[PDB]
């Protein structure tokens, strides 16, 4: 099958009900790789952190895996749409598309 990129685990499509919370994540094998999350081509979600959105990055020493999380909270209908996770290392770039659907 397909070449192995940077994503040990890609972000997945998700569904949430209005007012609900949902987490998206990515894992990258092990400087730390650096993540960016986007809605659409150009909206950098780091600029949107607040009551509805939070980011958290961590590292598991045993497995040598880096975890990147995107937390959506109190979901609103406008959050529905197309998202992208981008990761960079000293030597590579990769990215991964996924979708969020907000119901109700």
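Positions refer to the first chain, counted from 1.
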What number of deposited residues lacks coordinates in the span between residue 30 and residue 31: none, 1 to 3, 4 to 9, or 10 or more? 4 to 9
Of 15-23 and 78-86, the stretch whose C-alpha atoms average the higher B-factor in the entry: 15-23
Would you mind checking which of 48, 71, 36, 61 has the top Cα temperature factor in the PDB entry? 61
Third of chain Cα B-factors occupied by residue 65: middle
Residue 53's Cα B-factor: lowest, middle or highest third of the chain? highest
